[PDB]
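Peer 1: Need a 3D model of the sequence below.
(chains A, B, C, D, E, F and G)
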Amino acid sequence: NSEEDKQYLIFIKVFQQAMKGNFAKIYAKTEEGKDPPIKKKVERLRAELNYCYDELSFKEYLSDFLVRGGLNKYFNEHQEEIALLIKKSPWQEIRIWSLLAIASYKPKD
Amino acid sequence: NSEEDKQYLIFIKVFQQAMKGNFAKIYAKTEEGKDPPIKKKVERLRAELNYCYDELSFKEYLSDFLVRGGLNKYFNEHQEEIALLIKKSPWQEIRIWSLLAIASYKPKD
Amino acid sequence: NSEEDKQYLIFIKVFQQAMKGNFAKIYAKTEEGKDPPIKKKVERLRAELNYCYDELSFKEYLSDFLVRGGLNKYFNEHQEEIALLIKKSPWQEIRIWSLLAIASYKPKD
Amino acid sequence: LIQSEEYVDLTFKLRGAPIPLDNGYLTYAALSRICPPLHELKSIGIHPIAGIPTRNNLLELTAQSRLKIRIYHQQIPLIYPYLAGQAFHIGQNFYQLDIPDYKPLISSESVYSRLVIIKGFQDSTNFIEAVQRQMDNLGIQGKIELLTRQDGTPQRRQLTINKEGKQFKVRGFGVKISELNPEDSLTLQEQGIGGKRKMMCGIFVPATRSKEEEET
Amino acid sequence: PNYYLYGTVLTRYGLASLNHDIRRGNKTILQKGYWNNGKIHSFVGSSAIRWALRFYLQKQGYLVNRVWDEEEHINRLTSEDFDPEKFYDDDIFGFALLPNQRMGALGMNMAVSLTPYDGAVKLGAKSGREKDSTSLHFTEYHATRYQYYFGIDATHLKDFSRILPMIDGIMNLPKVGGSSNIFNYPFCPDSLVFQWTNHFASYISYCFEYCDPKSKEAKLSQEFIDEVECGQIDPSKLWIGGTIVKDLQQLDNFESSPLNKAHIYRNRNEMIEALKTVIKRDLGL
Amino acid sequence: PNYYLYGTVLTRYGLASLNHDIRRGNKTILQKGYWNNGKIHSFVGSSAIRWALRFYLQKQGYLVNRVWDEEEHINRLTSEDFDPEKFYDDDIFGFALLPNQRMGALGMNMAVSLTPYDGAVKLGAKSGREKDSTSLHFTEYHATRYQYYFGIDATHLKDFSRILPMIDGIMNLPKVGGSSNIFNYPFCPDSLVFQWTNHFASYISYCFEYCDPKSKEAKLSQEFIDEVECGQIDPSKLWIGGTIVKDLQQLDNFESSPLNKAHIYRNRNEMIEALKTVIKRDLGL
Amino acid sequence: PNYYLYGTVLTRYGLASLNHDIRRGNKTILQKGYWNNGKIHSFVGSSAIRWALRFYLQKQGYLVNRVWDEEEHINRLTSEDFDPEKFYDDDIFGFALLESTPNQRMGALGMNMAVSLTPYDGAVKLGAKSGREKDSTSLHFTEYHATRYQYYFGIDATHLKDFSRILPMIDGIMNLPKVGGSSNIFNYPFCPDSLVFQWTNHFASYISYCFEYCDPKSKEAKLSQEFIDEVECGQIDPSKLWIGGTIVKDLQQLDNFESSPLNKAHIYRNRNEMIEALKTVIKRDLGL
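Peer 2: Residues are numbered from 1 along each chain as shown, chains lettered A, B, ... in the order given. Take a look:
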């Protein structure tokens, strides 16, 4: 319930879909007998997320990550809501939401 | 409400329309039974957006992008304020908005 | 058990699994010596949790720690409930629950 | 539908501080200072700069704002090394030009001129018969129409020549011309009408700009 | 010892349209950019010159891995595995498939027009199937001499004797660009400034300059003359030949100048023969 | 006494594509960033210059630990345990294993383009047909002269005589960067400002500046000349040489200026010989 | 009397990656935080400058309790009991022996973190271990920053055990060795290029950070208008103000400079002359 909570939950879904897309891209990148990353790419994503300062850099990285994720439906249905949520709100809060999505993305894969 | 977000939203919409026109132009470019890439087009757009190095770069780039977008109705009703928003505001913020528009573009087609 | 009690227990289990992951990471990084410290890790975690002074800093640290934990199967099974509980509840109560989870932790034999 | 030969449009991307809406002598003198050969050329015209209007009588330069020059395509090597990549100053601001692009001269049934100046003709009827006579000299047939404001009055414009200490008053009209056929349309686009061709007035352009000027 | 052959070669004057940029619209625009004095100069890519040198190597009969069909316009490989020991192409230009890779002895830079681009354009009517329609399109041409800088690591060659065919190919360079070269522009040298030394440092990168912006003759840059006079460039290691020699010999105090003791020949072939003799003596061929 | 050799090196003018950013997509992005007066300048990393210096030390036969294979394109360690007493590279550039660490006697800063980076992207198509990932591509290049600042702590060297090979390598620097096949950019100095003093304070870092934002001409910054004239920077410890010597001497009141008392040599070799004589006298070599 | 030497020193323009933060991932980040106008500036810790001063004192002879090995990268104490009377470093920087003459000392030098004059926007440098083989320690990133640095310090001269030890401290501030950082790839000289020193006998300074930028992405540095207003209004006695460096030219190019009270300060374009005059005044005042 509550509009803010629904927006937060479906933004978590958006971020989880984006990480699914990025992880699929990494899976496609690797070849041969080398073991494709699963956990260390998550650690890389964590390191890149904490490597962030002020409003501009984090929003740039978040937008780049979302685009690199590729196709996603939760952002498809909700354009205005997530656009306003990302444009507004402190960047630290959005980083907290992104980390919370990271910690709970894995049930998908 | 607080019409800055109105300008942000119709900028997103005009960006989506312009990119759709460009994907249509690329569809016109390709020929014969090769499948016209769609995800690769988005990847190419993201890479070109990240190629810029402030001010002149990405400003003439995004102006040319909107121009090649074709007949954009919302742009026609929103020439002046979109141009003013382009001239003002930091360029990295414009890039963030463009990347968000890319991430939220799909459900048109 | 009420739904609030169920979510509280799931959060305790989530935090315990995150501590399991962090301590396993420390064990792997500090295999040298007679044995990597365990009490020192708990003291470090307690000091870092008590360092937090406001909601934003504490929730940032909590999300960072939870992601560093790893898979966190209890968070896999409960995206929305645990995410809403973390976002909504006052940070002092979440710190109390986290410290209770720390106290009620069993290192793997 | 016929692309004119021997005549091109050298377009330089223009950037800098906002400029008066009636640049005219300003831009011409700046280019002449940068390019001495530009003073002695004859069949050359400078396009009106395309940018949105700002406060006062100033004009703000956009990314689509560009300095466009209509010139005989064999006379480009006389002004290209002086303009391509160089910079000119209007007042106290520095403006930069990049490598220009060539645009062919397209024919159109209806052509527009944002400003036409004829010496000694200030009223509408004398001006109209003067433009008819000028058509007769070049052997061009067409119907002459005058651009109007929101009130329907024929539109007048003023050119301010700041020669030496005194400032000068030269004025004219803005006409819309149709029923030309592609050959005579191209002939009028290259030759132009009236005087002061280098003075950002007297050259022609399609009627889309005519409607756009009519809007505001 | 490590031996290097650095050289700047100046082409002959004429109309040039080579290595065009993106053919956007109807116009075929030259590859141009900024150069000294902040003026626009037309460039020619060094990859085209390397391709021309490789084509010369193929045509002369030397064994090369990559072979140009000249009819199907398709590049074919004699052997999938690259063997620089046997192939001139792999020994000289290197290879990379992505010893799976080789750097290659030859290293070049883009050819730069001597005079600034005057902006001259040419009108042409291309064919059309729409009822024999002819559409007028713009092609840029530059009447200038191009100069490019190349560097040879003789020691890096698997076979030390392969340097001589490279010099011959540089002298007798085939057509550059191929189909894109509308006007047949000979890229063979008109004036040469070579340097056969054993040091990594070279101060002969772009030693040519124009007396006037609109001229068909070339002059050595005053910086190069000063470098020779001060003593930075050893005259015994300097080789100058071509048309520039005629202008140099007319300068006053030429006999007293240190430029005189450098190897200077009016005829390019004589200088090439003397330099090849010196290289063979030094490389133990 | 603690002796330090500070120096700012200006390279020759040419088309350069040496250090690239993260490579993905069509463009190979030149390593660029902001610099003075708030304009984008292309950069060359100091790690590349250090690698070039180590490669020079390897090619001249000096004993080094890390060896560049030049065939496998990998780095081989002659000894797993670093020994600065024996190996030149370990003594000069230091090492870190993770005594297993050494700070190294050479400290070098990143190379900065003198001229701001405006445009100049290159077209990278590969022959015809088969338009794969190796098809239409873009490469960024910059037509400028790079400038970098370095500092040597001579007393920190295990062997004091090793400073001379470092100076020789700075003079004859080998290939720096990667795009040598199509953008051959010699990194040898053409203008030098050296300071051999016994103070930690250096006021010669990045002393060169342009006269025209799009020209090849270079000029010592007015700040450096003011620093020399005020009383700072003892002229007896200042060594200036190269093509900047002519511009310095054409300055008015040069004879009365304190800059005239500095060791000014038009020939870089003469400056290097005199400076090496002074260094050998001071270090007891 | 109680004499204090306050001062703000501005460094030279150059790529600087001096002080880093927690290792994080593959990218070494600078120590940065919000400084002015809500913009993020890069910082250099004052402990780094104190270590550099200690190293200077060690290199130029002198007696220092802490001796940097410079070979094993280890710190050795000549005497386990700190003696500020004998050792320069103990007298100047103080000590604190907590493990269990006084065991603690407040030191005569008080420094503040060096603040970059220019906001830190981008400037991440790609770093590769090269070769053809790749591994975990192959692709790394290092943050740099093309800016001037500016720090503020204050000396309680009377607190020194030996009053003459202030002169070597000023010499070290002038000829400062490398400040801890990646000098292998980012060599940043920390020697001052502009000085604003104040040799007064009261605690108020008002000269903490007197340098401010213009055109925030440029190397040009000017004196802050607040400092100039402080000088002109009557506060900050010009006779106690020592200004030296490249800012002297900009100060003298100001209009109405002769009529301004700033003209009565000790202004020397050459830093050595200003330091010599200041040390002469200090020796006269301290009875050296």
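Peer 1: where do the helices sit along chain E?
Peer 2: E:46-59, E:88-93, E:163-171, E:222-230, E:243-249, E:268-283 (DSSP state H).
Peer 1: Residue D:106: neighbour count?
Peer 2: 15 (other C-beta atoms under 10 Å in any protein chain shown). C-beta here means a position set from N, CA and C on the backbone, and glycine is covered the same way.
Peer 1: Give the phi and psi angles for it, as a check.
Peer 2: When read as degrees, to the nearest 10, the backbone of residue D:106 gives phi -90, psi 150.
Peer 1: so what's it up against?
Peer 2: D:1, D:2, D:3, D:4, D:206 (C-beta atoms under 8 Å, 6 or more residues apart in numbering or on different chains).
Peer 1: For it, give the beta-bridge partners.
Peer 2: With DSSP bridges as the criterion, residue D:106 is bridged to residue D:3.
Peer 1: Tabulate the contacts of residue D:106 (JSON lines), appending distance to residue E:87 and neighbour count.
Peer 2: Converted to JSON lines, those look like this (distance: C-beta to C-beta, whole Å; neighbours: other C-beta atoms under 10 Å in any protein chain shown):
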{"residue": "D:1", "distance to residue E:87": "56", "neighbour count": "8"}
{"residue": "D:2", "distance to residue E:87": "55", "neighbour count": "15"}
{"residue": "D:3", "distance to residue E:87": "50", "neighbour count": "17"}
{"residue": "D:4", "distance to residue E:87": "54", "neighbour count": "20"}
{"residue": "D:206", "distance to residue E:87": "60", "neighbour count": "16"}
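Peer 1: and which of the residues you listed is nearest residue G:65?
Peer 2: Using C-beta to C-beta, residue D:206 comes nearest to residue G:65 of the contacts of residue D:106, at 86.6 Å.
Peer 1: The closest one contacts residue D:113, doesn't it?
Peer 2: No. Look at residue D:206 against residue D:113 with C-beta atoms under 8 Å: they stay out of range, at 10.9 Å.
Peer 1: Work out the gap between the lengthiest helix in chain A and the centre of the chain.
Peer 2: The helix spanning the most residues in chain A, taking DSSP H as the definition, is helix A:3-29. Distance, stretch centre to chain centre, for helix A:3-29: 5 Å (C-alpha atoms, centre = their mean, to the nearest Å).
Peer 1: who touches residue A:108 in this structure?
Peer 2: A:16, A:20.
Peer 1: What of residue E:274?
Peer 2: So residue E:274 contacts E:239, E:263, E:265 (C-beta under 8 Å, 6+ apart).
Peer 1: Distance-wise, check it relative to chain A.
Peer 2: 55 Å (C-beta to the nearest C-beta, to the nearest Å).
Peer 1: dump the residue contacts of residue 14.
Peer 2: Unless you meant another one, I'm taking chain A. Here residue A:14 is in contact with A:66, A:72, A:74, A:75, A:82 (C-beta under 8 Å, 6+ apart).
Peer 1: um, chain D though
Peer 2: Residues near residue D:14 by C-beta under 8 Å, 6+ apart: D:49, D:61, D:65, D:66, D:67, D:95, D:97.
Peer 1: does it count as helix, strand or coil?
Peer 2: Remark: residue D:14 carries the secondary structure label strand [criterion: DSSP: H, G, I helix; E, B strand; the rest coil].
Peer 1: residues near the closest residue to it other than its chain neighbours, how many?
Peer 2: Spatial nearest neighbour of residue D:14, excluding adjacent residues (C-beta to C-beta, 6 or more residues apart in numbering or on different chains): residue D:67 at 4.7 Å. Residue D:67 has 22 neighbouring residues, counting by other C-beta under 10 Å.
Peer 1: can you tell me the helix or strand for residue D:67?
Peer 2: strand D:66-72 (DSSP states H and E).
Peer 1: Tell me how far the closest residue to residue E:64 other than its chain neighbours lies from residue G:219.
Peer 2: Nearest non-adjacent residue to residue E:64, counting by C-beta to C-beta, 6+ apart: residue E:89, 4.1 Å away. From residue E:89 across to residue G:219, the span is 49 Å (C-beta to C-beta, to the nearest Å).
Peer 1: any chance of the helices of chain E in TSV, with distance to residue D:162 too?
Peer 2: Shown next, in TSV, are those (distance: least, C-beta to C-beta, whole Å):
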stretch	distance to residue D:162
helix E:46-59	51
helix E:88-93	62
helix E:163-171	58
helix E:222-230	43
helix E:243-249	49
helix E:268-283	59
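Peer 1: Phi, psi for residue D:174 please.
Peer 2: According to degrees, to the nearest 10, residue D:174 has phi -120, psi 120.
Peer 1: Centre of chain D to the edge, which residue is at the far end?
Peer 2: For chain D, the largest distance from the centre (C-alpha atoms, centre = their mean) belongs to residue D:165, which lies 25.5 Å off.
Peer 1: how close does that one get to chain F?
Peer 2: 34 Å.
Peer 1: same check, this time on residue E:51
Peer 2: 8 Å.
Peer 1: one step back: so what's the residue count around the residue nearest to residue E:64?
Peer 2: Residues near residue E:89, counting by other C-beta under 10 Å: 22.
Peer 1: Would you confirm that it contacts residue E:54?
Peer 2: Yes. With contact defined as C-beta under 8 Å, residue E:89 reaches residue E:54; the gap is 6.0 Å.
Peer 1: shared neighbours of those two, which are they?
Peer 2: E:64, E:66.
Peer 1: Between the helices of chain E, which one is closest to residue D:212.
Peer 2: Between the helices of chain E, helix E:46-59 lies closest to residue D:212; by C-beta to C-beta that is 45.3 Å.
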